Amino acid sequence: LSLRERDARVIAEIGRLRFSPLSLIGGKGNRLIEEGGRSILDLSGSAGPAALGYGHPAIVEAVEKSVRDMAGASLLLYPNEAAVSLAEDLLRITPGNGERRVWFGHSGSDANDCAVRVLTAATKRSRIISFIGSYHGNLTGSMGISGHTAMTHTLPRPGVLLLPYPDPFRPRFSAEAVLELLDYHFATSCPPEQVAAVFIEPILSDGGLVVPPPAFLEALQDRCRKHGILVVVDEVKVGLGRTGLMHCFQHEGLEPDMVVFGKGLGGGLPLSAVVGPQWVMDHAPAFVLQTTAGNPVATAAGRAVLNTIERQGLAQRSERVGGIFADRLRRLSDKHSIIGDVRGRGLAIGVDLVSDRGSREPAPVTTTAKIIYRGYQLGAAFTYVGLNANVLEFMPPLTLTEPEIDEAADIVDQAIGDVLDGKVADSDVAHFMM
Amino acid sequence: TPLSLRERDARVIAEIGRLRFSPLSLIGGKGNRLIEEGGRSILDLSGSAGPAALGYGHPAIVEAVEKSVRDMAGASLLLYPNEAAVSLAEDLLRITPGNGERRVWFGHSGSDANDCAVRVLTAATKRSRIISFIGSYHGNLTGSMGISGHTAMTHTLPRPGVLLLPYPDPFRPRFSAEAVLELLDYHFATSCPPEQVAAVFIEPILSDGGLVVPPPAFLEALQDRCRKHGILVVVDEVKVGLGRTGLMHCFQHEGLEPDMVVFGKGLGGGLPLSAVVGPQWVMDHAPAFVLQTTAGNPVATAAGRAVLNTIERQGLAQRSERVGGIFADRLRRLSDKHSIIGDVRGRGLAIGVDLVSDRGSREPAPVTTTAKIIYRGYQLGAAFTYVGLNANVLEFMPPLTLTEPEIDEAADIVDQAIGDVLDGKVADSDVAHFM
Ligand SMILES: *Cc1c(COP(=O)(O)O)cnc(C)c1O
Ligand SMILES: *Cc1c(COP(=O)(O)O)cnc(C)c1O
């Protein structure tokens with residue numbers, strides 16, 4: 001009878017990553033409506049897709065116009081005005097030189113699968129450089145190059161070099177030590193001439209919202225590029241204005257050969273894209289096909305996302321409003337010693353929970369999960385990430401308001417204090433742990 | 001528009017994402033027709049390859065999409081149950097025969113659904129081997145292409161442990177039903193022990209392989225040979241599913257009782273949506289095993305509910321048998337005028353026309369001739385494609401809402417296009433760019 005109980009009976013566990021009992025019947029602005037009518041503040045952005053919140057007029061108009069006058073349902077078969085104009089848009093807002101082209105897909109997973117498939121074929125090189133903790137997708141091709149603990153049920157693609165992502169909060173490995181490790185692999189067991197590409201998250205997402213040390217990723221890029229290794233930046237998570245600039249890679253001085261877009265590009269509709277040089281992206285006809293990719297409904301939604309971000313200056317606003325939210329969370333740390341760090345850029349914010357500030361020992365996952373659950377009871381939706389399952393993740397809609405930040409901060413404040421005073425029971429969160 | 005949409009597409013769209021059969025470049029769509037830039041209204045016999053099951057601007061789909069995008073119940077089923085997606089899953093369980101506990105996973109495409117299927121079948125069964133068919137097309141992502149047998153993906157080696165068998169083809173009958181079963185029995189007795197085989201993947205009509213309907217009883221005998229050893233039986237309904245063949249599921253023509261069914265294309269009505277229906281012990285194998293952020297989002301799943309509801313309410317399975325029969329028969333009678341029409345096969349509104357350079361040998365027509373027929377179709381006001389291991393089978397997958405007057409308009413256009421091409425009235429340079 002309850003939506004949540006119905007879900008339990010028909011939805012497959014393989015597709016669940018559920019942090020709380022929240023079960024939804026609608027949304028409006030930056031709030032989500034639980035079954036029963038309770039209005040929850042969404043600090044999750046549904047993990048990134050909901051860039052403009054829910055029921056946003058620009059996305060609604062674009063999707064209305066397109067589904068009523070539908071310009072086919074397959075870019076592979078038929079050019080349509082929305083998908084071609086979106087590609088034009090993406091080339092216009094993404095700096096780059098030479099001839100470049102755009103491929104469309106449904107998800108970050110399929111866009112990285114495309115990237116891997118076309119890069120290895122255009123180079124006929126089979127080795128790939130990526131990062132421990134990197135999350136590039138959960139389909140066979142994109143999972144295969146990912147380094148995240150969650151996909152260790154399956155072996156990596158052969159010839160993947162996994163490096164530590166240098167972490168300024170837990171600096172086991174300095175930038176310099178990681179580059180030296182790469183250099184040593186290049187001179188030995190991973191000759192750079194047999195490497196197709198390096199894959200870079202400009203902030204390490206599911207690995208724990210780790211902003212790398214300054215200048216490291218520009219130095220990585222330059223080391224790879226000397227050997228004609230193509231430089232791929234995954235902007236799926238932190239892309240499109242969220243970090244204070246249009247592309248997170250613009251913080252890091254990068255000039256990538258290829259950019260992968262997803263999540264928030266769709267504004268809550270499935271939409272991904274790969275932008276690369278024409279010589280790679282025109283490798284062969286009919287090489288990476290999905291029937292409804294580049295369909296006029298999802299692409300029209302993507303055009304509205306980009307248009308709103310530019311016209312309303314949501315990059316600058318994410319810097320300002322994210323600074324406010326970040327600073328509110330830092331102040332909570334004078335109250336709650338479990339807050340060890342507040343990091344990220346703009347409206348991509350992670351809060352690192354520690355059981356001890358000295359050692360920076362991560363707080364146990366049970367505590368982290370209980371804070372989420374308690375936040376849900378108090379009226380906010382969020383999640384956690386990190387290689388130690390201890391980093392609270394805030395990825396709210398870019399439309400988040402200053403009064404909502406106040407509300408968010410008070411909820412987080414209360415949920416931490418409650419959980420630390422033993423408010424939430426083990427059996428309440430057992431359902432949402434693996 | 002001096003800068004045509006076609007030209008703009010050439011400047012910015014990746015060739016890897018193209019499978020273009022004509023210059024048709026779109027600004028809209030209405031009913032069963034597509035609107036070319038400049039305004040010309042084209043009859044859609046392609047159904048955009050299957051997704052457009054109810055055509056374009058269909059009011060049930062328009063309504064579901066409007067309500068969901070305006071009042072959006074989150075955008076991620078992996079994070080949050082939503083009413084649309086839970087209800088669609090309930091709908092798919094209800095309309096798909098099956099026994100015991102079952103569950104539903106959602107995705108965006110046939111390719112991601114079959115990737116899911118292969119990943120979870122091997123993991124849950126603890127068997128590594130897969131049975132598939134030569135010419136089968138289960139997708140174009142790494143995991144789904146890996147179990148596929150089609151000639152377009154021979155640029156990449158298959159997944160290790162895949163046994164590829166011929167699909168018995170009544171029109172080019174190199175391999176009988178009995179011969180294929182014998183060959184499988186032989187592999188089972190030697191180098192492919194059947195207790196190491198997770199699953200067999202079955203297209204109930206071989207789609208990109210040439211719209212081949214198997215010989216009667218073959219698929220049921222294949223099911224039984226595999227099931228006898230605990231091999232799970234997977235039917236791919238992505239292409240010919242959901243009423244198009246005259247029954248709700250194409251496998252219901254073939255006496256099949258699958259363990260797992262894969263849906264896509266038309267399920268979404270033009271929005272991206274796929275699904276896998278499987279037994280609970282497989283589908284609940286582990287949490288967070290096959291995740292895609294926006295899968296099961298309330299917009300795409302609402303569109304799917306509208307598709308299924310319209311198909312049941314308006315009786316579109318029953319209609320497609322009747323209307324597809326009329327269309328198929330028009331096409332057959334065209335073989336009296338045009339000897340290039342070697343066969344018309346299919347079920348319901350999944351129809352293939354096999355073009356041959358010789359009626360006796362059944363040698364496939366050259367691909368340049370087939371491309372010219374599509375191009376001339378397009379100029380005459382109809383959009384269609386070709387398929388097949390020899391690039392010679394005209395494909396007709398129109399919206400299930402295709403009208404009887406549109407069937408006459410279609411048959412006439414095809415008739416005129418074949419005639420104009422055979423009489424040497426279509427240039428080589430006009431099709432050069434689509435091959
Ligand atoms: C979420 C994510 C992906 C995968 O996107 P899906 O839409 O979940 O398949 C890929 N790369 C990064 C950096 C991500 O955060
Ligand atoms: C088209 C098709 C697929 C793949 O669907 P996409 O949405 O193009 O990835 C899978 N199986 C069959 C039988 C198909 O016809």
Side-chain angles (χ1 to χ4, degrees), chain A residues 17 46-49 73-74 76-77 105-113 115 131 134-139 142-143 145-146 148 199-207 209 233-239 248 260-266 270-272 288-293 295 348 385 393 395, chain B residues 19 48-51 75-76 78-79 107-115 117 133 136-141 144-145 147-148 150 201-209 211 235-241 250 262-268 272-274 290-295 297 350 387 395 397:
Chain A
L17 189 65
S46 284
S74 176
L76 71 87
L77 288 186
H106 303 306
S107 62
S109 294
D110 74 16
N112 279 136
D113 204 296
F131 285 92
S134 76
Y135 185 102
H136 296 288
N138 220 16
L139 296 178
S142 49
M143 189 173 68
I145 66 155
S146 293
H148 193 288
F199 282 74
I200 296 174
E201 299 185 56
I203 298 174
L204 190 71
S205 70
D206 279 87
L209 295 153
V233 178
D234 185 342
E235 288 275 325
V236 168
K237 186 84 161 166
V238 294
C248 192
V260 189
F261 298 109
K263 282 178 171 88
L265 179 61
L271 181 55
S272 67
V288 190
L289 294 183
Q290 288 169 298
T291 300
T292 64
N295 68 79
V385 299
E393 167 171 285
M395 291 276 308
Chain B
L19 185 63
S48 286
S76 171
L78 65 88
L79 291 183
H108 306 299
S109 69
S111 303
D112 75 21
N114 285 128
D115 191 21
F133 283 90
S136 77
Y137 186 106
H138 296 299
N140 221 18
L141 303 174
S144 53
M145 180 178 73
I147 58 153
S148 294
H150 195 274
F201 279 74
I202 295 168
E203 297 192 61
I205 298 170
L206 185 81
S207 55
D208 269 279
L211 287 153
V235 178
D236 189 336
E237 292 274 328
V238 169
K239 181 76 165 177
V240 298
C250 185
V262 182
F263 299 99
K265 278 181 174 79
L267 181 62
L273 171 68
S274 68
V290 193
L291 296 188
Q292 285 174 291
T293 300
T294 64
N297 64 77
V387 297
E395 171 168 279
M397 292 283 290

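Just so you know, ligand 1 is whichever comes first in the structure, and atom 1 is the first atom listed for that ligand. Lettering of chains follows the sequences in order, A, B, ..., and the numbering in each one begins at 1. Side chains are part of it too, since the values below use all heavy atoms of this structure and drop only hydrogens, waters and symmetry mates.
- No side-chain donor from either of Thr292(A) and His108(B) sits under 3.5 Å from a side-chain acceptor of the other.
- Under the ring pair (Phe, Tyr, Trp, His ring centres under 6.0 Å) criterion, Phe199(A) pairs with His136(A), not counting sequence neighbours.
- Of the possible polar contacts, one joining the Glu201(A) side chain to the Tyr135(A) backbone as a donor-acceptor pair under 3.5 Å is found.
- Using a 4.5 Å cut-off on side-chain heavy atoms (C-beta onward), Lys239(B) and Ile205(B) make no contact.
- Although no hydrogens or angles enter the test, the distance criterion places no donor-acceptor pair under 3.5 Å between the side chain of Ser142(A) and the main chain of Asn112(A).
- For ligand 1, the protein residues within 4.0 angstrom (heavy atoms only) are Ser107(A), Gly108(A), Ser109(A), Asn112(A), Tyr135(A), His136(A), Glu201(A), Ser205(A), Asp234(A), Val236(A), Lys237(A), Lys263(A), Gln292(B), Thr293(B).
- At distances below 3.5 Å, not a single donor-acceptor pair connects side-chain atoms of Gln292(B) with backbone N or O atoms of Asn138(A).
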